[PDB]
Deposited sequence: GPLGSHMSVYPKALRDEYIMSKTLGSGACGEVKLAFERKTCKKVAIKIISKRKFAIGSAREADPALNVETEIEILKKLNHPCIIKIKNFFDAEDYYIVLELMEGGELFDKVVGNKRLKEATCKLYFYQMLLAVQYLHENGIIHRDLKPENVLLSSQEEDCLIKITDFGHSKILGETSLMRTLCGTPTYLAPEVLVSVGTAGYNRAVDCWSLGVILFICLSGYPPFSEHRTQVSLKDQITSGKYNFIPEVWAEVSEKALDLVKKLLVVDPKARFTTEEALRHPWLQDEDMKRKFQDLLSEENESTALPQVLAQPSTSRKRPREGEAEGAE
């Protein structure tokens, strides 16, 4: 077999596997439960992003160990992955979909505002805070995430194009819509949550999965969707748009009539203050 590093061991009492390998552990100082993600020897860039982000719907780094393997100490999410709530045609309640999606939009909006594109949004990277259906969700796994920074295209455009290739000038029209990939993913997530099935699949189809996606022709099953509201499906349709320039942004999605739900918003604010009740320092007044 093999051992954990002395420095990890010094600080945490390592326990059972949760689900990259993720294990349960206990901070010795606090006796509190943590999740430790092991990555066998991009991880530095992931730590750099996660250290600077600060949102209740984005996972927080608690510690990091650069040993024979990387060890990332994260906050423990007792509800597990959202994937385990959607597998085997399991259909989430329309209201539960909204509460979770609203949080995913808030998290992805924060990311975009801060110049971060996740690039790998799926149910397996959306964690639930408790075994309760009305709970806080957090976006995890920033391993494939990208930083928007300062484009080499903006620098190239400052010059004279005497020697500039045409394809570079053609890319100017689309440039800066990479974040739209995160809205596609959210749309595929919302579809799976609402219906219990994926929009693009090789199951009972002749058309290749690639052709389905490029044509943006999702598998629509009327019997399944008759249970879902017209508003929920309208948002799906608006995110599953092929043109990344026309596709709905996180701001447009958050403005959609489906998310204009004062009850759902109240429940989220309530879950937030319930979580925050622990951190609560006395107020000035």
query	finding
Ranges of the deposited sequence (numbered from 1) for which no C-alpha atom is modelled	1 to 6, 26 to 29, 52 to 66, 311 to 329
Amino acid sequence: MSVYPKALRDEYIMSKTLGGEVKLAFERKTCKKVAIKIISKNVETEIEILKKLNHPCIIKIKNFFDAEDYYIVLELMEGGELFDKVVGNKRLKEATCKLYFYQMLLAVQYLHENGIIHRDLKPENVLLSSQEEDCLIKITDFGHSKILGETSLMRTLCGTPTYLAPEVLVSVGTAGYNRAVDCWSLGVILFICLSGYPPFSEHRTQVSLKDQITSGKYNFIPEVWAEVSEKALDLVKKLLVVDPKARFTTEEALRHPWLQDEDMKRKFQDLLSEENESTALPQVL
From here on, numbers count along this sequence of modelled residues.
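Take the two forms, superpose them, and find the largest set of C-alpha atoms that agree within 1.5 Å; that set is the rigid core.
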| property | result |
| --- | --- |
| Between 230 to 238 and 42 to 50, larger RMS Cα displacement in 9 other deposited structures of this protein after core fit | 42 to 50 |
| No coordinates for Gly149 in a third or more of the other PDB entries | yes |
| Which of 170 to 178 and 87 to 95 has higher mean CA B factor, as the PDB entry lists it | 87 to 95 |
| Mean Cα B-factor comparison, 98 to 106 or 193 to 201, giving the higher one as deposited | 193 to 201 |
| Out of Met77, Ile116, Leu157, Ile213, residue topping the C-alpha B-factor column of the entry | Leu157 |
| Candidate residues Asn63, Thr249, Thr30, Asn42, the one whose C-alpha B factor the record puts highest | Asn42 |
| Lowest, middle or highest third - CA B-factor, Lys265 | middle |
| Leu153 - which third its CA temperature factor falls in, relative to the rest of the chain | highest |
| B-factor third for the C-alpha atom of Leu233 within its chain | middle |
| CA B-factor placement of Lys52, once the chain's modelled residues are sorted into thirds | highest |
| For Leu259, the third of its chain into which the C-alpha B factor falls | middle |
